[PDB]
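What follows is a short report on a single structure.
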Amino acid sequence: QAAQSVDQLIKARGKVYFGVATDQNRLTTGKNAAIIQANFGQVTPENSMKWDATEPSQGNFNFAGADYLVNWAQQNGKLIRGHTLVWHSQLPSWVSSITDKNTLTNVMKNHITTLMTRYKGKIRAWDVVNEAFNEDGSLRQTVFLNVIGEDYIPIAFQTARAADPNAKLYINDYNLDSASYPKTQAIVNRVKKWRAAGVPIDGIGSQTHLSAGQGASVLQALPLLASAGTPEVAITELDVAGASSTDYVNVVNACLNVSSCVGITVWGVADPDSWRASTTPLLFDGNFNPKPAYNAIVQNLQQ
């Protein structure tokens with residue numbers, strides 16, 4: 001645990017949270033729980049709310065890991081971002097093999113409604129649709145697009161709104177880190193059009209999986225994402241190859257600069273537990289000590 005909490009410091013600047021990805025496997029080993037308690041104000045399940053984890057066989061849901069996370073978060077005063085309802089990765093084959101529109105629509109709706117109803121009122125925000133865009137800005141040809149069609153995004157969001165009207169509903173994606181970039185421009189254009197059509201999209205989530213030196217670009221990309229007119233944006237899965245303080249401070253400042261940016265989630269606690277561990281891209285090292293970039297964020301946020 002670091003003495004100074006980046007979550008308290010960002011809250012003192014008017015933001016909602018500074019959080020991290022975690023799950024039971026992390027919380028019950030090492031120093032993760034104590035670090036999260038001390039220094040962070042929000043958690044995202046790294047895996048336990050994905051489709052493979054929660055509905056591994058159709059209609060036979062497994063909530064043990066998700067329940068653990070939600071209960072731990074409540075006990076410890078941490079906000080929760082649910083992650084993620086509709087996504088092509090970590091998707092069981094029972095889903096991806098379906099070729100009938102009605103079948104898949106009903107499966108998708110039941111998955112959304114069942115997860116969101118279980119946690120109704122406890123979840124600040126859901127990543128309803130994840131990684132819907134290709135790198136050229138076209139929509140990713142996932143089973144949902146291929147079988148349901150264009151409607152899958154409207155359906156997902158409308159179903160989510162009905163299941164828990166309290167939750168902020170997000171579309172989440174990566175490579176939204178440049179204002180220049182076909183995916184960035186596309187998500188802004190399509191969110192504007194979906195919302196103008198009445199689709200309830202409350203947030204754009206920008207994963208922010210960065211390479212070294214790339215953080216500076218977020219200072220221009222995040223205000224562009226905010227121009228789509230959603231009530232919120234958020235930095236949802238931040239990590240940075242090499243963990244330079246310059247990159248981390250740039251992303252923090254981008255969020256500070258964008259009033260609709262509610263907060264930042266970093267994608268794990270300690271480097272060896274990162275999905276990209278070899279790049280040591282997180283804010284705590286393998287000995288669970290805060291890294292230079294953690295201290296740089298603390299100092300940037302001090303008033």
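We name chains A, B, ... following the order of the structure tokens; residues begin at 1 in each chain, and ligands are numbered from 1 as shown.
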Going by DSSP on the backbone, which residues of region 242-295 of chain A come out as alpha helix (DSSP H)? List them as a PyMOL selection string.
chain A and resi 245-257+292-295
Please run DSSP on the backbone and report, as a ChimeraX atom specification, all residues within region 15-255 of chain A that come out as strand (DSSP E or B).
/A:17-22,42-45,57,60,79-86,125-130,133,139,168-173,203-206,209-210,232-240
Output C-alpha atoms for every residue in the selection just made, as a short mmCIF file (atom, residue, chain, number, x, y, z; two decimals), in the first residue's frame.
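What landed in out.cif:
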```
data_model
loop_
_atom_site.label_atom_id
_atom_site.label_comp_id
_atom_site.auth_asym_id
_atom_site.auth_seq_id
_atom_site.Cartn_x
_atom_site.Cartn_y
_atom_site.Cartn_z
CA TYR A 17 -12.62 7.53 -8.95
CA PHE A 18 -9.19 6.16 -9.65
CA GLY A 19 -9.51 2.36 -9.79
CA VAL A 20 -8.03 -0.93 -10.93
CA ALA A 21 -8.89 -4.25 -12.51
CA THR A 22 -8.96 -7.13 -10.02
CA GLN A 42 -13.14 1.48 -7.91
CA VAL A 43 -12.69 -2.04 -9.29
CA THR A 44 -13.40 -3.70 -12.61
CA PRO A 45 -13.55 -7.55 -12.69
CA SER A 57 -23.04 -23.32 -20.79
CA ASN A 60 -26.22 -22.35 -16.52
CA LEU A 79 -17.31 1.45 -6.95
CA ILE A 80 -17.75 -1.27 -9.57
CA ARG A 81 -17.60 -1.17 -13.38
CA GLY A 82 -19.15 -4.35 -14.78
CA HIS A 83 -17.18 -5.78 -17.62
CA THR A 84 -18.36 -6.88 -20.22
CA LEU A 85 -21.71 -8.04 -21.59
CA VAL A 86 -21.32 -8.29 -25.39
CA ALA A 125 -21.26 1.52 -15.00
CA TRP A 126 -21.38 -1.44 -17.40
CA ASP A 127 -19.28 -2.02 -20.51
CA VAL A 128 -22.31 -3.16 -22.45
CA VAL A 129 -20.56 -3.55 -25.81
CA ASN A 130 -16.79 -4.07 -26.01
CA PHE A 133 -14.97 -1.48 -34.10
CA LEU A 139 -17.93 -2.49 -37.31
CA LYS A 168 -24.13 4.17 -16.73
CA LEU A 169 -24.07 2.26 -20.02
CA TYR A 170 -20.76 2.29 -21.92
CA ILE A 171 -19.40 1.29 -25.27
CA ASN A 172 -15.70 0.45 -24.67
CA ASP A 173 -12.81 0.17 -27.11
CA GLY A 203 -20.42 6.59 -21.86
CA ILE A 204 -17.49 6.01 -24.16
CA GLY A 205 -14.76 3.96 -22.51
CA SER A 206 -11.25 4.28 -23.88
CA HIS A 209 -3.40 0.34 -23.67
CA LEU A 210 -0.40 2.48 -24.54
CA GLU A 232 -19.46 10.43 -19.45
CA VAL A 233 -16.19 9.25 -20.84
CA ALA A 234 -13.62 7.22 -18.91
CA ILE A 235 -10.12 5.79 -19.21
CA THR A 236 -11.03 2.13 -18.62
CA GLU A 237 -8.00 -0.18 -18.94
CA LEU A 238 -4.91 2.00 -18.67
CA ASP A 239 -1.47 0.46 -18.84
CA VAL A 240 1.71 1.73 -20.52
#
```
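Counting only C-alpha atoms, the residue from A:241, A:163, A:218, A:49 that sits nearest to residue 180 (chain A) is A:218.
The space between CA of residue 231 (chain A) and CA of residue 296 (chain A) spans 28.9 Å.
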Give me, as a Markdown table, each residue of region 69-168 of chain A that comes within 7 Å of region 182-187 of chain A, together with its shortest interatomic pair and the distance in Å at one decimal, counting only C-alpha atoms, with rows ordered by chain and rising residue number.
```
| residue | atom | partner | partner_atom | distance |
| --- | --- | --- | --- | --- |
| A:133 | CA | A:183 | CA | 6.8 |
| A:134 | CA | A:183 | CA | 7.0 |
| A:135 | CA | A:183 | CA | 5.5 |
| A:136 | CA | A:182 | CA | 5.4 |
| A:137 | CA | A:183 | CA | 4.4 |
```
Output file for the selection above: N, CA and C atoms, as a tab-separated table (two decimals), in the first residue's frame:
```
chain	number	residue	atom	x	y	z
A	133	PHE	N	-15.51	-2.11	-32.91
A	133	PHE	CA	-14.97	-1.48	-34.10
A	133	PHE	C	-13.70	-2.19	-34.59
A	134	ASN	N	-13.61	-2.30	-35.91
A	134	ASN	CA	-12.37	-2.62	-36.56
A	134	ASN	C	-11.43	-1.39	-36.60
A	135	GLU	N	-10.17	-1.64	-37.02
A	135	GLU	CA	-9.17	-0.55	-36.98
A	135	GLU	C	-9.41	0.51	-38.07
A	136	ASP	N	-10.18	0.14	-39.13
A	136	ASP	CA	-10.56	1.06	-40.16
A	136	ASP	C	-11.81	1.85	-39.84
A	137	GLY	N	-12.41	1.63	-38.66
A	137	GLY	CA	-13.64	2.30	-38.28
A	137	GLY	C	-14.93	1.60	-38.66
```
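Across A:287, A:166, A:58, A:48, the tightest approach to residue 270 (chain A) is made by A:287 when counting only C-alpha atoms.
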Minimum-distance residue to residue 68 (chain A), chosen among A:138, A:27, A:223, A:12 (using only C-alpha atoms):
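Under the stated criterion, the closest residue is A:27.
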For residue 131 (chain A), which residue out of A:274, A:227, A:89, A:159 is the nearest one, using only C-alpha atoms?
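With only C-alpha atoms as the atom set, the closest residue is A:89.
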Taking into account only C-alpha atoms, which residue in the set A:140, A:195, A:291, A:88 is nearest to residue 154 (chain A)?
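Among the listed residues, A:195 lies closest to residue 154 (chain A).
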Pick from A:69, A:16, A:23, A:110 nearest to residue 268 (chain A), counting only C-alpha atoms:
A:23
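Proximity to residue 194 (chain A) at 12 Å, evaluated using only C-alpha atoms and with sequence-adjacent residues fewer than 4 positions away removed, yields residues 150, 151, 152, 153, 154, 155, 157, 158, 171, 186, 187, 188, 189, 190, 198, 199, 200, 201, 202, 228, 229 and 230 of chain A.
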Those residues you just picked out, can you put them in a file as a compact mmCIF listing (two decimals), in the first residue's frame with N, CA, C and O atoms?
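The file below, part-v1.txt, is the result:
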```txt
# COMPACT_ATOMS: atom_id res chain seq x y z
N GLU A 150 -26.72 -4.93 -37.65
CA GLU A 150 -26.55 -3.63 -37.07
C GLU A 150 -27.35 -3.38 -35.82
O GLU A 150 -26.92 -2.61 -34.93
N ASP A 151 -28.51 -3.99 -35.72
CA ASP A 151 -29.37 -3.78 -34.59
C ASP A 151 -28.75 -4.28 -33.28
O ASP A 151 -29.29 -3.94 -32.23
N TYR A 152 -27.71 -5.11 -33.32
CA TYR A 152 -27.29 -5.72 -32.07
C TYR A 152 -26.88 -4.68 -31.02
O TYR A 152 -27.05 -4.91 -29.84
N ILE A 153 -26.29 -3.57 -31.49
CA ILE A 153 -25.85 -2.51 -30.56
C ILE A 153 -27.03 -1.79 -29.95
O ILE A 153 -27.14 -1.76 -28.71
N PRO A 154 -27.98 -1.27 -30.76
CA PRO A 154 -29.20 -0.74 -30.16
C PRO A 154 -29.87 -1.73 -29.20
O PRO A 154 -30.29 -1.34 -28.11
N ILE A 155 -30.03 -3.01 -29.62
CA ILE A 155 -30.69 -3.96 -28.76
C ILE A 155 -29.97 -4.10 -27.45
O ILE A 155 -30.58 -4.15 -26.36
N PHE A 157 -27.94 -2.06 -25.80
CA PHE A 157 -28.09 -0.92 -24.92
C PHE A 157 -29.51 -0.75 -24.39
O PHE A 157 -29.69 -0.43 -23.21
N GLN A 158 -30.53 -0.96 -25.25
CA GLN A 158 -31.89 -0.83 -24.75
C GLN A 158 -32.21 -1.89 -23.70
O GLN A 158 -32.88 -1.62 -22.69
N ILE A 171 -20.12 2.01 -24.19
CA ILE A 171 -19.40 1.29 -25.27
C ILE A 171 -17.90 1.51 -25.00
O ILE A 171 -17.51 2.63 -24.72
N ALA A 186 -14.48 7.13 -36.00
CA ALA A 186 -15.67 6.32 -36.23
C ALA A 186 -16.53 6.16 -35.00
O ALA A 186 -17.79 6.24 -35.06
N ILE A 187 -15.90 5.88 -33.82
CA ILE A 187 -16.74 5.68 -32.66
C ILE A 187 -17.51 6.97 -32.30
O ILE A 187 -18.66 6.93 -31.88
N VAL A 188 -16.82 8.13 -32.50
CA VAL A 188 -17.51 9.39 -32.22
C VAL A 188 -18.72 9.56 -33.17
O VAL A 188 -19.82 9.88 -32.73
N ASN A 189 -18.51 9.32 -34.45
CA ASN A 189 -19.59 9.48 -35.42
C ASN A 189 -20.71 8.54 -35.14
O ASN A 189 -21.91 8.91 -35.13
N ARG A 190 -20.38 7.24 -34.88
CA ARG A 190 -21.44 6.27 -34.67
C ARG A 190 -22.19 6.48 -33.35
O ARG A 190 -23.38 6.26 -33.30
N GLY A 198 -31.94 7.50 -30.54
CA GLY A 198 -32.54 7.19 -29.21
C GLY A 198 -31.83 6.02 -28.50
O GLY A 198 -32.38 5.56 -27.48
N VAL A 199 -30.69 5.55 -28.97
CA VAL A 199 -30.01 4.47 -28.23
C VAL A 199 -29.41 5.03 -26.96
O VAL A 199 -28.69 6.05 -27.00
N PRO A 200 -29.61 4.38 -25.82
CA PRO A 200 -29.14 4.92 -24.52
C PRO A 200 -27.68 4.56 -24.24
O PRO A 200 -27.34 3.68 -23.48
N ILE A 201 -26.77 5.32 -24.81
CA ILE A 201 -25.34 5.18 -24.60
C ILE A 201 -24.90 6.34 -23.69
O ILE A 201 -24.89 7.50 -24.10
N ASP A 202 -24.56 6.02 -22.45
CA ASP A 202 -24.17 7.04 -21.46
C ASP A 202 -22.67 7.34 -21.47
O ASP A 202 -22.30 8.41 -20.95
N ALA A 228 -18.64 13.47 -28.65
CA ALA A 228 -19.79 12.66 -29.08
C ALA A 228 -21.04 12.94 -28.29
O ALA A 228 -22.11 12.52 -28.71
N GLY A 229 -20.89 13.64 -27.15
CA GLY A 229 -22.03 14.04 -26.41
C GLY A 229 -22.57 13.07 -25.38
O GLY A 229 -23.65 13.30 -24.80
N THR A 230 -21.83 12.02 -25.08
CA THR A 230 -22.23 11.19 -23.96
C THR A 230 -22.05 11.93 -22.64
O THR A 230 -21.12 12.74 -22.47
```
